[PDB]
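Letter by letter, the chains look like this.
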Amino acid sequence: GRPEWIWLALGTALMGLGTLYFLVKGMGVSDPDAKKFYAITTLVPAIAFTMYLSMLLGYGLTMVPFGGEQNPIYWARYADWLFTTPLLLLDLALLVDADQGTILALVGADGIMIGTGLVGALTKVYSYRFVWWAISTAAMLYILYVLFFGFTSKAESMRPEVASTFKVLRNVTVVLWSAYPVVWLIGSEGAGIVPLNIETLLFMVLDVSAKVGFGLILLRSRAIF
Ligand SMILES: *C/C=C(C)/C=C/C=C(C)/C=C/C1=C(C)CCCC1(C)C
Ligand SMILES: CCCCCCCCCCCCCC
Ligand SMILES: CCCCCCCCCCCC
Ligand SMILES: CCCCCCCCCC
Ligand SMILES: CCCCCCCCCC
Ligand SMILES: CCCCCCCCCC
Ligand SMILES: CCCCCCCCCC
Ligand SMILES: CCCCCCCCCC
Ligand SMILES: CCCCCCCC
Ligand SMILES: CCCCCCCC
Ligand SMILES: CCCCCCCC
C-alpha cells in the first residue's frame, strides 16, 4: 500500500477514459486521414493505461542503491514513454507534413532520450546518474528545437487552420516536456528532494495533460481532415 498508489489509480482511470473516448470517436469517423490521427492518438493513452495499471498492481518498480540508500525507481514509466513519446511526435510530424528523414532523426533522438533516461535511473554511481540525465535532456532539447523551429516553419506552408492547431499542440508539448527533466532531477530518481508520492502526482498530471489533453485538442480540430 504505497502512498502514491492513489495517483497511479487516478492516472489509470484518466488514461482509460481518454482511451475509450478517442477509440469511440475514432471508429465513427470515415475520413482516411483523420483515421490515421485517431489510431496513433488512441494508442498513446492505451499504452499509458496498461503501464499505469501495472504500476498500480505492483510492477515496474525496483530498488536501486545510490547515495548510501535503497531508492524506489519506477522503470515501467520508460516502457510507457519509449513508445508514447515517439507516437506523439509522429502526430505532429503528420500534421505539418514533415520529411521522412526529419521523422527518423526525431524518433531516434527520442529513443536516445528515453534510453539514457532509464540507464540514468538504474545507475548505482550517484554522479553518473546525472551524466545520463544530462545526455538525455540534451536529446530532448534537440527534439523541442526541431519542433519549435523546424516544424513551425513546415506548418506555415499548410492552411492557417492546420498551422494554428499545430501551434497549440506545439506549445503544449514544449511546456509539459520541458518539465519532465526537472521533476526527475529533484525527485526520487535525482536529488530525492520531492518525495515519490508527490513526484508520482506530478508525472501523472504531466502524463494526462501530454496525452489525453493533447489528444482532445488534436482530435477535436479540423486540421486532421
Ligand atoms: C506521456 C509521456 C510523455 C509525453 C513523456 C515525456 C517525457 C519526457 C520528455 C522525458 C524526459 C526525460 C529527460 C529529458 C531526462 C531525464 C529522464 C526523462 C526520461 C524523465
Ligand atoms: C566524475 C563525475 C562527473 C559528474 C558530472 C555530473 C554532471 C551533472 C549535471 C547535473 C547536476 C545536477 C545536480 C543536482
Ligand atoms: C482501495 C481500492 C482502490 C481501487 C482503485 C481502482 C483504480 C482503477 C483501476 C482500474 C482497473 C482497470
Ligand atoms: C537525430 C539526429 C540528431 C541527434 C542529436 C542527438 C543529441 C544527443 C545528446 C545526448
Ligand atoms: C551514445 C552516447 C553514449 C554516451 C555514454 C556516456 C557514459 C558516461 C559514463 C560516465
Ligand atoms: C559510447 C560508449 C559509452 C560507454 C559508457 C561506459 C560506462 C561504464 C560505466 C561503468
Ligand atoms: C564536478 C563538477 C561537474 C560540473 C558539470 C557541469 C555540467 C554542465 C552541463 C550539463
Ligand atoms: C566523468 C564525466 C563524463 C562526461 C561524459 C560526457 C559525455 C557527453 C556525450 C555527448
Ligand atoms: C481507426 C481507429 C483505430 C483504433 C486503434 C485503437 C488501438 C487501441
Ligand atoms: C548502455 C550502457 C550501459 C552501461 C551500464 C554500466 C553498468 C556498470
Ligand atoms: C513542486 C515542488 C514541490 C516540492 C515539495 C518538497 C517537499 C519536501
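Residues numbered from 1 in each chain as written, not as in the entry; some residues may be left out. Chains lettered and ligands numbered in written order. Heavy atoms only, no water. Residues with missing side-chain atoms left out of burial classes, pairs and counts.

## A few points about the overall build of the protein
Next up, step 1: What the protein contains, in helices and strands, is 8 helices and 2 strands.
Next up, step 2: From first element to last, N terminus to C terminus, the protein shows the α and β order α-α-β-β-α-α-α-α-α-α.
Next up, step 3: What you see for the protein is a C-alpha radius of gyration of 18 Å, in line with the 17 Å of a compact globule of 225 residues.
Next up, step 4: Taken over the C-alpha atoms alone, the protein extends approximately 55 × 35 × 20 Å along its principal axes.
Next up, step 5: When contacts within the protein are restricted to residue pairs at least 6 apart in sequence, those whose partners lie at least 24 apart make up 75%. (Helix = DSSP H or I, 4+ residues; strand = E, 2+ residues; numbered from the N terminus. Rg over C-alpha atoms; globule rule 2.2 N^0.38 Å. Contact = heavy atoms within 4.5 Å.)

## Section: empty space enclosed by the protein
Next up, step 1: Estimated volume of the largest cavity: approximately 320 Å³.
Next up, step 2: Along the walls of the largest cavity sit 19 residues, with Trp81, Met113, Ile114, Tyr180 and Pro181 positioned nearest its centre.
Next up, step 3: Of all the elements in the fold, those that place two or more residues in the lining of the largest cavity are α3 (76-95), α4 (100-122), α5 (126-156), α7 (180-186) and α8 (196-219).
Next up, step 4: Here the lining of the largest cavity takes 5 residues from α3, the largest share from any one element.
Next up, step 5: Partitioning the lining of the largest cavity into residue classes produces 13 nonpolar, 5 polar and 1 charged. (1 Å grid on protein atoms, 1.4 Å probe; cavity = no way out; pocket = protein on both sides within 12 Å on 5 of 7 lines; lining within 4 Å. Points joined across faces, edges and corners; volume = space filled by probe spheres on them. Nonpolar A, V, L, I, M, F, W, Y, C, P; charged D, E, K, R; others polar.)

## Considerations on a nonpolar patch on the surface
Next up, step 1: A cluster of nonpolar side chains, namely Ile112, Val119, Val125, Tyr128, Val131, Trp132 and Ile135, defines an oily patch on the protein surface of about 590 Å² accessible area.
Next up, step 2: Within the residue set of the nonpolar patch, elements represented by two or more residues are α4 and α5.
Next up, step 3: Looking at which element gives the most residues to the nonpolar patch, the answer is α5, with 4 residues.
Next up, step 4: By the secondary structure assignment, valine 119 is in helix α4.
Next up, step 5: By relative accessible area, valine 119 is classed as partly exposed at 35%. (Patch = residues over 30% accessible without salt bridge, like charges linked within 9 Å, V, L, I, M, F, W, Y side chains within 5 Å. Areas by Shrake-Rupley, 256 points an atom, 1.4 Å probe, with all protein chains shown as cover. Salt bridge = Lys/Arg side-chain N within 4 Å of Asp/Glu carboxyl O. Buried < 20%, exposed > 50% of the residue type's maximum accessible area, 1.4 Å probe, protein only.)

## A short note on the side chain of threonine 200
Next up, step 1: Here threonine 200 lies in helix α8.
Next up, step 2: A distance of 2.7 Å separates a polar side-chain atom of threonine 200 from the backbone oxygen of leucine 196. (Polar contact = N/O pair within 3.5 Å; in protein donor to acceptor, adjacent residues only side chain to side chain.)

## Remarks on the site of ligand 9
Next up, step 1: What surrounds ligand 9 is the set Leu23, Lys35, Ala39 and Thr42.
Next up, step 2: If one sorts the elements of the shell around ligand 9 by residue count, helix α2 (residues 32-56) sits on top with 3 residues.
Next up, step 3: Here the shell around ligand 9 is composed, by residue class, of 2 nonpolar, 1 polar and 1 charged. (Near = heavy atom within 4 Å.)

## Examining the nonpolar core
Next up, step 1: Core analysis: the biggest nonpolar cluster contains 63 residues, and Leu92, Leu95, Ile143, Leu147, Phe151, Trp177 and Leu218 have the highest contact counts within it.
Next up, step 2: Apart from residues no more than four positions distant in its own chain, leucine 92 is found in contact with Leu147, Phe151, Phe166, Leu169, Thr173 and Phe214. (Core = buried A, V, L, I, M, F, W, Y, C linked by side-chain atoms within 4.5 Å.)

## Section: the UniProt feature "transmembrane region" in the protein
Next up, step 1: As annotated by UniProt and renumbered to match this structure, "transmembrane region" occupies residues 5-24, 39-57, 75-91, 103-122, 130-149, 168-186 and 199-218.
Next up, step 2: Structurally, residues 103-122 is divided into 100% helix and 0% strand, and its ends, taken at the C-alpha atoms, are 29 Å apart. (UniProt positions renumbered as here; feature names shortened; annotations may be inferred.)

## Digging into the packing of α3 against helix α6 (residues 160-177)
Next up, step 1: At a minimum axis distance of 10 Å, the contact between α3 and α6 shows a crossing angle of 155 degrees. Overall, the two elements α3 and α6 adopt an arrangement that is roughly antiparallel. As α3 runs across α6, the sense of the crossing is left-handed. Residues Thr85, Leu88, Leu89, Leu92 and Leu95 of α3 lie in contact with α6, whose contacting residues are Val162, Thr165, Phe166, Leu169, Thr173 and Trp177.
Next up, step 2: Looking at the contact of α3 with α6, its residues break down into 8 nonpolar, 3 polar and no charged. (Axes fitted to C-alpha atoms, helices over the stretch in contact; angles between N-to-C directions. Parallel < 35°, antiparallel > 145°, perpendicular 65-115°, else oblique. Left-handed = near helix turned anticlockwise from the far one by under 90°.)

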